[PDB]
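Chemist: Structure file run_28.pdb (PDB, C-alpha atoms) right here:
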```
MODEL        1
ATOM      1  CA  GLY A1326    -117.495  79.765  24.835  1.00  0.00           C
ATOM      2  CA  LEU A1327    -115.216  78.214  22.216  1.00  0.00           C
ATOM      3  CA  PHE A1328    -116.887  74.808  22.206  1.00  0.00           C
ATOM      4  CA  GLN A1329    -120.505  76.003  22.834  1.00  0.00           C
ATOM      5  CA  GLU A1330    -120.922  73.103  25.244  1.00  0.00           C
ATOM      6  CA  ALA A1331    -121.999  72.439  28.829  1.00  0.00           C
ATOM      7  CA  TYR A1332    -121.096  69.556  31.050  1.00  0.00           C
ATOM      8  CA  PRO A1333    -123.643  67.690  33.193  1.00  0.00           C
ATOM      9  CA  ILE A1334    -122.680  66.529  36.666  1.00  0.00           C
ATOM     10  CA  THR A1335    -123.753  64.032  39.300  1.00  0.00           C
ATOM     11  CA  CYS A1336    -127.495  64.531  39.636  1.00  0.00           C
ATOM     12  CA  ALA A1337    -130.726  62.583  39.919  1.00  0.00           C
ATOM     13  CA  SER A1338    -134.283  62.923  41.146  1.00  0.00           C
ATOM     14  CA  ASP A1339    -134.254  61.030  44.441  1.00  0.00           C
ATOM     15  CA  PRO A1340    -131.944  61.288  47.429  1.00  0.00           C
ATOM     16  CA  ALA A1341    -132.765  57.592  47.508  1.00  0.00           C
ATOM     17  CA  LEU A1342    -131.302  57.158  44.055  1.00  0.00           C
ATOM     18  CA  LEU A1343    -128.503  59.630  44.711  1.00  0.00           C
ATOM     19  CA  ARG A1344    -127.105  57.037  47.142  1.00  0.00           C
ATOM     20  CA  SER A1345    -125.575  55.014  44.315  1.00  0.00           C
ATOM     21  CA  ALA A1346    -123.280  57.849  43.274  1.00  0.00           C
ATOM     22  CA  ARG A1347    -120.733  57.101  46.000  1.00  0.00           C
ATOM     23  CA  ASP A1348    -119.531  53.934  44.263  1.00  0.00           C
ATOM     24  CA  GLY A1349    -118.846  55.186  40.742  1.00  0.00           C
ATOM     25  CA  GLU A1350    -120.914  54.554  37.612  1.00  0.00           C
ATOM     26  CA  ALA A1351    -120.257  50.791  37.652  1.00  0.00           C
ATOM     27  CA  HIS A1352    -123.602  49.929  39.221  1.00  0.00           C
ATOM     28  CA  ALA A1353    -125.149  53.406  39.274  1.00  0.00           C
ATOM     29  CA  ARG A1354    -128.936  53.170  39.109  1.00  0.00           C
ATOM     30  CA  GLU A1355    -129.809  54.985  35.900  1.00  0.00           C
ATOM     31  CA  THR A1356    -133.521  54.458  35.896  1.00  0.00           C
ATOM     32  CA  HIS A1357    -136.361  53.504  38.161  1.00  0.00           C
ATOM     33  CA  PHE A1358    -140.008  53.959  36.969  1.00  0.00           C
ATOM     34  CA  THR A1359    -139.627  57.696  36.439  1.00  0.00           C
ATOM     35  CA  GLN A1360    -136.693  58.423  38.686  1.00  0.00           C
ATOM     36  CA  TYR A1361    -133.764  59.186  36.455  1.00  0.00           C
ATOM     37  CA  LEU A1362    -130.050  59.699  36.983  1.00  0.00           C
ATOM     38  CA  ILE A1363    -127.316  61.267  34.907  1.00  0.00           C
ATOM     39  CA  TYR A1364    -123.796  60.467  36.096  1.00  0.00           C
ATOM     40  CA  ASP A1365    -121.050  63.076  35.948  1.00  0.00           C
ATOM     41  CA  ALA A1366    -119.541  63.529  32.489  1.00  0.00           C
ATOM     42  CA  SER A1367    -117.153  66.468  32.667  1.00  0.00           C
ATOM     43  CA  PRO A1368    -113.489  67.304  33.074  1.00  0.00           C
ATOM     44  CA  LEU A1369    -114.514  67.358  36.738  1.00  0.00           C
ATOM     45  CA  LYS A1370    -115.374  63.654  36.807  1.00  0.00           C
ATOM     46  CA  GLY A1371    -113.635  61.416  39.338  1.00  0.00           C
ATOM     47  CA  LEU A1372    -111.891  64.377  40.962  1.00  0.00           C
ATOM     48  CA  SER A1373    -111.678  65.679  44.519  1.00  0.00           C
ATOM     49  CA  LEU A1374    -115.113  67.310  44.482  1.00  0.00           C
TER      50      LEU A1374
ATOM     51  CA  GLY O1326    -111.882  42.235   0.019  1.00  0.00           C
ATOM     52  CA  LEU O1327    -110.012  39.061   0.932  1.00  0.00           C
ATOM     53  CA  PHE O1328    -112.014  37.571   3.787  1.00  0.00           C
ATOM     54  CA  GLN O1329    -115.544  38.488   2.589  1.00  0.00           C
ATOM     55  CA  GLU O1330    -116.313  39.042   6.279  1.00  0.00           C
ATOM     56  CA  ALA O1331    -117.962  41.671   8.470  1.00  0.00           C
ATOM     57  CA  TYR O1332    -117.278  42.358  12.115  1.00  0.00           C
ATOM     58  CA  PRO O1333    -120.185  43.002  14.485  1.00  0.00           C
ATOM     59  CA  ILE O1334    -119.910  45.789  17.049  1.00  0.00           C
ATOM     60  CA  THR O1335    -121.497  46.204  20.446  1.00  0.00           C
ATOM     61  CA  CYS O1336    -125.177  46.703  19.697  1.00  0.00           C
ATOM     62  CA  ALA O1337    -128.376  45.885  21.540  1.00  0.00           C
ATOM     63  CA  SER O1338    -132.144  46.205  21.515  1.00  0.00           C
ATOM     64  CA  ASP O1339    -132.552  47.961  24.852  1.00  0.00           C
ATOM     65  CA  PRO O1340    -130.570  50.818  26.378  1.00  0.00           C
ATOM     66  CA  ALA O1341    -131.386  48.768  29.431  1.00  0.00           C
ATOM     67  CA  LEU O1342    -129.224  46.054  27.927  1.00  0.00           C
ATOM     68  CA  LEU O1343    -126.579  48.408  26.531  1.00  0.00           C
ATOM     69  CA  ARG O1344    -125.668  49.661  30.006  1.00  0.00           C
ATOM     70  CA  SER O1345    -124.634  46.159  31.062  1.00  0.00           C
ATOM     71  CA  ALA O1346    -122.276  45.806  28.102  1.00  0.00           C
ATOM     72  CA  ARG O1347    -120.134  48.720  29.258  1.00  0.00           C
ATOM     73  CA  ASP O1348    -118.095  46.902  31.885  1.00  0.00           C
ATOM     74  CA  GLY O1349    -117.239  43.653  30.092  1.00  0.00           C
ATOM     75  CA  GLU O1350    -118.977  40.532  28.865  1.00  0.00           C
ATOM     76  CA  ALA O1351    -118.534  38.664  32.163  1.00  0.00           C
ATOM     77  CA  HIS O1352    -121.866  39.812  33.586  1.00  0.00           C
ATOM     78  CA  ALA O1353    -123.354  41.452  30.493  1.00  0.00           C
ATOM     79  CA  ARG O1354    -126.897  40.482  29.579  1.00  0.00           C
ATOM     80  CA  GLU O1355    -126.799  38.380  26.418  1.00  0.00           C
ATOM     81  CA  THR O1356    -130.577  38.480  25.916  1.00  0.00           C
ATOM     82  CA  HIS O1357    -134.037  38.734  27.500  1.00  0.00           C
ATOM     83  CA  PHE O1358    -137.605  37.497  26.692  1.00  0.00           C
ATOM     84  CA  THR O1359    -137.450  38.703  23.078  1.00  0.00           C
ATOM     85  CA  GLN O1360    -134.779  41.327  23.519  1.00  0.00           C
ATOM     86  CA  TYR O1361    -131.255  40.634  22.384  1.00  0.00           C
ATOM     87  CA  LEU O1362    -127.725  41.976  22.583  1.00  0.00           C
ATOM     88  CA  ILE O1363    -124.676  41.524  20.366  1.00  0.00           C
ATOM     89  CA  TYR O1364    -121.319  41.821  22.058  1.00  0.00           C
ATOM     90  CA  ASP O1365    -118.400  43.199  20.066  1.00  0.00           C
ATOM     91  CA  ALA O1366    -116.521  40.774  17.785  1.00  0.00           C
ATOM     92  CA  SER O1367    -113.948  42.809  15.927  1.00  0.00           C
ATOM     93  CA  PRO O1368    -110.288  43.770  15.525  1.00  0.00           C
ATOM     94  CA  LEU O1369    -111.318  46.947  17.311  1.00  0.00           C
ATOM     95  CA  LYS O1370    -112.174  45.131  20.542  1.00  0.00           C
ATOM     96  CA  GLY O1371    -110.422  46.044  23.762  1.00  0.00           C
ATOM     97  CA  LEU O1372    -109.301  49.352  22.298  1.00  0.00           C
ATOM     98  CA  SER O1373    -109.939  52.862  23.597  1.00  0.00           C
ATOM     99  CA  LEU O1374    -112.196  53.708  20.650  1.00  0.00           C
TER     100      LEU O1374
ENDMDL
END
```
In structure tokens, what does this structure look like?
Modeler:
Amino acid sequence: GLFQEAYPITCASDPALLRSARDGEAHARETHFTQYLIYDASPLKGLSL
Amino acid sequence: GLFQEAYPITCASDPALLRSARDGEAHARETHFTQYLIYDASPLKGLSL
């Protein structure tokens, strides 16, 4: 409410391309032909869940 | 004012190429067919910001 912001989380368009989330964003597949990923950017990044 | 110089920052032609510059210049893509990338050369390099 104070910042008027909203954090994205670990999400993509394929369960195929969701596989490269369990290694961090080092080699996370951002983009195949249309299939797009957005890594987690949040206070909740890197945490237990 | 003394050196008459100008430091280049991390900049590239493709957001394809920019993603590879994030984790260090060891395996960063310098260039492509006609695309090109400039790694950071600056007093600011290595820093948090």
Chemist: Kindly provide, as a list in words, the residues of chain A having any atom no farther than 12 Å from an atom of chain O, counting all atoms listed in the file.
Modeler: residues 1350, 1351, 1352, 1353, 1354, 1355, 1356 and 1357 of chain A
Chemist: Kindly give the distance, in Å, that separates CA of residue 1370 in chain O and CA of residue 1366 in chain A, rounded to a single decimal.
Modeler: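 Interatomic distance here is 23.1 Å.
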Chemist: Rounded to one decimal in Å, what is the spacing between CA of residue 1363 in chain O and CA of residue 1336 in chain O?
Modeler: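 Interatomic distance here is 5.2 Å.
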Chemist: Run the PyMOL selection byres ((chain O and resi 1333) around 12) on the file and write out the hits as a PDB file with C-alpha atoms, in the coordinates of the input.
Modeler:
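Result saved to result.pdb:
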```pdb
ATOM      1  CA  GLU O1330    -116.313  39.042   6.279  1.00  0.00           C
ATOM      2  CA  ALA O1331    -117.962  41.671   8.470  1.00  0.00           C
ATOM      3  CA  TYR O1332    -117.278  42.358  12.115  1.00  0.00           C
ATOM      4  CA  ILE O1334    -119.910  45.789  17.049  1.00  0.00           C
ATOM      5  CA  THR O1335    -121.497  46.204  20.446  1.00  0.00           C
ATOM      6  CA  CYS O1336    -125.177  46.703  19.697  1.00  0.00           C
ATOM      7  CA  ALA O1337    -128.376  45.885  21.540  1.00  0.00           C
ATOM      8  CA  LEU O1362    -127.725  41.976  22.583  1.00  0.00           C
ATOM      9  CA  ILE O1363    -124.676  41.524  20.366  1.00  0.00           C
ATOM     10  CA  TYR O1364    -121.319  41.821  22.058  1.00  0.00           C
ATOM     11  CA  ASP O1365    -118.400  43.199  20.066  1.00  0.00           C
ATOM     12  CA  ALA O1366    -116.521  40.774  17.785  1.00  0.00           C
ATOM     13  CA  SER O1367    -113.948  42.809  15.927  1.00  0.00           C
ATOM     14  CA  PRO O1368    -110.288  43.770  15.525  1.00  0.00           C
ATOM     15  CA  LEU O1369    -111.318  46.947  17.311  1.00  0.00           C
ATOM     16  CA  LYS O1370    -112.174  45.131  20.542  1.00  0.00           C
TER      17      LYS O1370
END
```
Chemist: So how far away is CA of residue 1359 in chain A from CA of residue 1338 in chain A, in Å?
Modeler: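 The value is 8.8 Å.
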